Amino acid sequence: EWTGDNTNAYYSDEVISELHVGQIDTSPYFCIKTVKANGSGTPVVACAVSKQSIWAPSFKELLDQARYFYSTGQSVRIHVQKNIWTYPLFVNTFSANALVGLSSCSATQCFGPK
Amino acid sequence: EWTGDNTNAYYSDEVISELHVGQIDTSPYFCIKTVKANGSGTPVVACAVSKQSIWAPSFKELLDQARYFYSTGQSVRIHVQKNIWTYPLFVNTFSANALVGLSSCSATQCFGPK
Amino acid sequence: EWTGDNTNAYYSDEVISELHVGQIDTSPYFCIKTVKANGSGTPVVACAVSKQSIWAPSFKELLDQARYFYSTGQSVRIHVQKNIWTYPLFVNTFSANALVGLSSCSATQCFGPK
Amino acid sequence: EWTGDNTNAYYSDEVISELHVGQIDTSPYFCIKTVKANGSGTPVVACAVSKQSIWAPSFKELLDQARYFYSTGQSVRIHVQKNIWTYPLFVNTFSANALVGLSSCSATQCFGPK
Amino acid sequence: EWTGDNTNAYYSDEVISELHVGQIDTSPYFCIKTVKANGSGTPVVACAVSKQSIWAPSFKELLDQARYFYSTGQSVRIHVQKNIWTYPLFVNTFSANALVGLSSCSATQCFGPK
Ligand SMILES: CC(=O)N[C@@H]1[C@@H](O)[C@H](O[C@@H]2O[C@H](CO)[C@H](O)[C@H](O[C@]3(C(=O)O)C[C@H](O)[C@@H](NC(C)=O)[C@H]([C@H](O)[C@H](O)CO)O3)[C@H]2O)[C@@H](CO)O[C@H]1O
Ligand SMILES: CC(=O)N[C@@H]1[C@@H](O)[C@H](O[C@@H]2O[C@H](CO)[C@H](O)[C@H](O[C@]3(C(=O)O)C[C@H](O)[C@@H](NC(C)=O)[C@H]([C@H](O)[C@H](O)CO)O3)[C@H]2O)[C@@H](CO)O[C@H]1O
Ligand SMILES: CC(=O)N[C@@H]1[C@@H](O)[C@H](O[C@@H]2O[C@H](CO)[C@H](O)[C@H](O[C@]3(C(=O)O)C[C@H](O)[C@@H](NC(C)=O)[C@H]([C@H](O)[C@H](O)CO)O3)[C@H]2O)[C@@H](CO)O[C@H]1O
Ligand SMILES: CC(=O)N[C@@H]1[C@@H](O)[C@H](O[C@@H]2O[C@H](CO)[C@H](O)[C@H](O[C@]3(C(=O)O)C[C@H](O)[C@@H](NC(C)=O)[C@H]([C@H](O)[C@H](O)CO)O3)[C@H]2O)[C@@H](CO)O[C@H]1O
Ligand SMILES: CC(=O)N[C@@H]1[C@@H](O)[C@H](O[C@@H]2O[C@H](CO)[C@H](O)[C@H](O[C@]3(C(=O)O)C[C@H](O)[C@@H](NC(C)=O)[C@H]([C@H](O)[C@H](O)CO)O3)[C@H]2O)[C@@H](CO)O[C@H]1O
Ligand SMILES: CC(=O)N[C@@H]1[C@@H](O)[C@H](O[C@@H]2O[C@H](CO)[C@H](O)[C@H](O[C@]3(C(=O)O)C[C@H](O)[C@@H](NC(C)=O)[C@H]([C@H](O)[C@H](O)CO)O3)[C@H]2O)[C@@H](CO)O[C@H]1O
Ligand SMILES: CC(=O)N[C@@H]1[C@@H](O)[C@H](O[C@@H]2O[C@H](CO)[C@H](O)[C@H](O[C@]3(C(=O)O)C[C@H](O)[C@@H](NC(C)=O)[C@H]([C@H](O)[C@H](O)CO)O3)[C@H]2O)[C@@H](CO)O[C@H]1O
Ligand SMILES: CC(=O)N[C@@H]1[C@@H](O)[C@H](O[C@@H]2O[C@H](CO)[C@H](O)[C@H](O[C@]3(C(=O)O)C[C@H](O)[C@@H](NC(C)=O)[C@H]([C@H](O)[C@H](O)CO)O3)[C@H]2O)[C@@H](CO)O[C@H]1O
Ligand SMILES: CC(=O)N[C@@H]1[C@@H](O)[C@H](O[C@@H]2O[C@H](CO)[C@H](O)[C@H](O[C@]3(C(=O)O)C[C@H](O)[C@@H](NC(C)=O)[C@H]([C@H](O)[C@H](O)CO)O3)[C@H]2O)[C@@H](CO)O[C@H]1O
């Protein structure tokens, strides 16, 4: 598996606008909401769960990087894998998207896969 | 279990106004006091205790997040489970609430379960 | 044991003014000095040693919180247990106080046991 | 092995201009892009991958240091070992360079193996 | 062993002016360069290696404290043990000094052993 697999999805020129931390099934988790830097479009919601999914190994690195980009407000590309989380009330509150990567973006491109 | 279980309680549009770190019965712990951003209501107190209660796995994540939201003064939703801590002097100083989640808030919503 | 045990000692309305990190007996340790926010009184010195005393489990949380309050310069209540450290040159440089808690203070009260 | 081995390569007077975090083949990784502080030259890209390559033990220290130098934007010397990553889509997006060291370039010259 | 052993050396009122992170013999390490706050004298260089020397246990605490003092620019007392590192190209680049402690300094005296 790789963040950049074309079976994942990504959204460019976004800003992390909200942050949530909690616990589910004895696992810490966090979620972020991102919006376009220009405010257009629909928010992207993605979560990472410390003990669950093939992306569990990257939990701490992604939590620290989400916190960093949240604090700076800078433009990023957010990479997700769709249809991962399945607890129905959790998906209703957040989404089924697993967070799988974060890339900084300049005005002309983003530093990350496609 | 989940932060968003309907048997937990939550308080929206709160500001983390105080922070305390200590040790009890071999466990580092922290407590926070939150107050409504608009001055309404009565303060909420919640604590997380390392290696104690079902919420133990998220101790470090919640401590780091509470420190961040405390440092910014931003409005948050605080999620608790009531009647968890039983040590009587501790409860009298702080409360029996276990901290189980923290959510950022916007002008119209908070980014977490309700 | 608890930070708030009345056999411990505390000092309100203090500012963390100095910070030292070192090693002793293969254990990382740190010490702080605090002074009254209003400039009066006698400084308080307290140390924490990663592998020593009943307070060892809280070493990392107290170090992070000491660094936080040191960086903000805000007024705090410092909680200690007297007569813990015993190596004479160490006590002469610093003190025998073990650090056991740190509480934020407002103008009127401190958020911690009293 | 050593960061300063002559078989490694380095680039002075660079600024960390982009940062990416993801996961590949069970491993969290990060990549950085650096450009000459004075605007000349060609960017350098380097990556560190947890639990992969001989440089695995320093993954967390290099991630933390890359973040710090990225946040200040100060001039640095980046140390790499060429031709380490072989995953072809990854190399095309980023590079085959393993990040093996970071040195400040305050004042006089770069504070690292030369 | 202790940071304050009289067989160690220390240098007061120093400013951390450079920082380097790398790897050697499968161990992360860092080095700092310090200079007197008034610019007199000659620089002090010291390094910490995570898996080597009796000071290995305090590697992370020292790296975190070095980063903090490097970012503030405040005057510190640096404590070292001489003639510890032995790889010749490493010693010639940096020094043989092991970093063994870091103390903040008031306007009149440093907060650590002397
Ligand atoms: C490397 C390469 O060949 N092309 C990339 C390319 O991805 C991208 O070009 C377009 O740039 C605009 C704004 O910069 C958008 O980025 C475009 O749409 C994308 C995006 O956000 O990147 C593409 C993405 O695949 C889409 N994801 C899904 C699930 O559909 C999203 C999504 O539709 C929207 O984001 C929702 O609002 O849109 C993109 O085509 C740029 C980006 O920097 O860089 C090129 O090099
Ligand atoms: C390929 C695909 O999309 N899904 C398959 C699916 O056939 C199946 O799903 C998993 O199987 C059982 C229940 O049938 C597990 O209980 C998983 O449920 C949980 C889990 O405990 O792991 C419940 C948990 O609440 C979920 N966490 C959240 C935040 O929602 C997790 C989580 O979605 C997964 O762990 C993510 O990978 O799932 C259930 O998903 C199994 C059977 O082979 O395989 C899937 O791939
Ligand atoms: C994987 C592991 O280590 N432990 C899981 C364990 O988490 C799981 O417990 C369930 O976890 C879910 C979240 O994933 C909920 O927190 C459940 O709370 C319940 C409850 O226990 O009463 C269940 C569910 O949320 C609801 N009722 C159901 C499914 O019947 C109610 C809730 O009030 C709703 O509002 C009504 O829909 O709360 C909790 O049971 C257990 C059981 O799946 O499995 C372990 O593997
Ligand atoms: C009438 C009047 O106003 N007298 C003032 C008085 O307000 C004040 O006394 C101190 O006030 C602070 C208020 O935060 C504390 O209540 C001090 O009590 C404590 C403390 O919390 O710091 C109690 C504690 O048990 C004591 N610790 C030990 C080991 O004995 C400490 C300690 O004695 C002092 O902190 C050391 O300086 O005191 C209370 O003493 C002061 C000035 O504000 O003195 C009068 O002017
Ligand atoms: C030989 C000499 O000159 N002095 C030693 C003295 O160092 C030491 O004192 C006592 O030893 C018993 C156990 O033998 C206690 O454990 C205490 O020792 C130590 C310890 O646990 O290592 C010594 C250590 O230096 C102390 N650490 C600091 C920072 O001061 C700790 C510490 O106070 C406690 O751990 C706190 O709970 O205590 C001490 O009572 C012994 C060495 O055999 O004998 C003297 O002669
Ligand atoms: C203790 C442990 O876990 N592993 C060591 C292992 O690190 C050590 O390897 C030597 O490490 C030193 C630094 O301490 C040098 O990096 C040596 O590097 C070499 C190199 O990597 O190529 C070896 C030799 O000196 C030269 N190259 C060879 C023989 O291929 C070059 C040359 O000096 C540089 O180019 C200088 O610019 O450096 C490395 O062998 C081994 C052997 O000491 O012992 C393990 O236990
Ligand atoms: C003034 C003139 O005529 N030409 C200058 C030229 O002298 C100068 O070259 C660079 O100067 C800097 C000074 O810090 C470095 O010394 C560069 O050396 C190194 C470097 O450390 O960056 C050495 C290193 O071994 C080289 N790495 C590799 C893989 O070969 C790098 C690398 O070639 C360059 O960094 C790539 O751009 O160079 C030295 O080259 C500069 C002015 O600063 O450019 C001309 O104007
Ligand atoms: C508990 C563990 O894991 N290891 C300890 C080990 O740390 C300890 O070594 C002693 O540690 C103390 C600090 O706790 C000092 O660093 C000691 O240095 C001394 C020394 O050289 O012996 C100790 C003492 O203060 C003095 N020695 C005397 C009076 O004989 C000298 C002093 O500075 C003068 O220079 C002497 O003329 O410093 C160090 O030995 C050992 C022994 O306690 O126990 C292990 O278990
Ligand atoms: C004779 C003199 O002038 N000084 C000596 C010194 O040369 C000598 O070297 C030590 O001897 C041991 C014996 O096994 C090893 O050779 C040590 O090797 C290494 C190691 O641990 O791998 C090599 C390594 O590269 C070194 N790391 C760095 C950053 O340089 C480490 C490190 O220095 C030690 O671990 C420090 O504790 O050492 C080598 O140090 C011995 C002779 O006993 O000490 C002086 O007297």
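Residues numbered from 1 in each chain as written, not as in the entry; some residues may be left out. Chains lettered and ligands numbered in written order. Heavy atoms only, no water.

- Its PDB header attributes the entry to X-ray crystallography and lists the resolution as 1.802 Å.

**Examining the nonpolar core**
Here comes step 1: Counting 101 residues, the largest nonpolar core has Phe30(A), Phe30(B), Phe30(C), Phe30(D) and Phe30(E) as the members making the most contacts within it.
Here comes step 2: For this core, the element with the most residues is helix α1 (residues 59-72) of chain C, which contributes 7 residues. (Core = buried A, V, L, I, M, F, W, Y, C linked by side-chain atoms within 4.5 Å. Buried < 20%, exposed > 50% of the residue type's maximum accessible area, 1.4 Å probe, protein only. Helix = DSSP H or I, 4+ residues; strand = E, 2+ residues; numbered from the N terminus.)

**Some details on the relation of the copies chain E and chain C**
Here comes step 1: Rotating chain E by 71 degrees about the axis while translating it 0.2 Å along that axis superimposes it on chain C, leaving an RMSD of 0.2 Å. Expressed as an axis order, the relation between the two copies is that of a five-fold axis. Using C-alpha coordinates, one finds that chain E approaches the rotation axis most closely at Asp64(E), a distance of 8.8 Å.
Here comes step 2: Each copy contacts the other with its own distinct surface, as only 4% of the interface residues of chain E are interface residues in chain C too. (Least-squares fit on C-alpha atoms. Contact = heavy atoms within 4.5 Å.)

**Side note on the environment of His20(A)**
Here comes step 1: Summarising the element assignment, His20(A) is placed in strand β1 (residues 9-24).
Here comes step 2: Remark: the alpha-carbon pair of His20(A) and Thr72(A), spanning 52 residues in sequence, is separated by 17 Å.
Here comes step 3: In this view, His20(A) contacts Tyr29(A), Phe30(A), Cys31(A), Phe94(A), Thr3(B), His79(B), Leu102(B), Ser103(B), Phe111(B), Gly112(B) and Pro113(B); residues no more than four positions away in its chain are not counted.
Here comes step 4: Side chain to side chain, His20(A) and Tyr29(A) meet in a polar contact 2.7 Å long.
Here comes step 5: For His20(A), the side chain forms a polar contact with the side chain of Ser103(B), separated by 2.8 Å. (Polar contact = N/O pair within 3.5 Å; in protein donor to acceptor, adjacent residues only side chain to side chain.)

**Things to note about the site of ligand 1**
All names here are of chain A.
Here comes step 1: In the region of ligand 1, the neighbouring residues are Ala 9, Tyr 10, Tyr 11, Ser 12, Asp 13, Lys 36, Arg 77, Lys 82, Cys 110 and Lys 114.
Here comes step 2: Side-chain polar atom of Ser 12 to an oxygen atom of ligand 1: 2.6 Å apart, as the coordinates give it.
Here comes step 3: Separating an oxygen atom of ligand 1 from a backbone N or O atom of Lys 114 is a distance of 2.9 Å.
Here comes step 4: Burial of ligand 1 by the protein amounts to 42% of the accessible area it has alone, namely 820 Å².
Here comes step 5: Among the elements that take part in the shell around ligand 1, β1 stands out by supplying 5 residues, more than any other.
Here comes step 6: Each residue belonging to the shell around ligand 1 can be placed in one class, and the counts come to 4 nonpolar, 1 polar and 5 charged. (Near = heavy atom within 4 Å. Areas by Shrake-Rupley, 256 points an atom, 1.4 Å probe, with all protein chains shown as cover. Nonpolar A, V, L, I, M, F, W, Y, C, P; charged D, E, K, R; others polar.)

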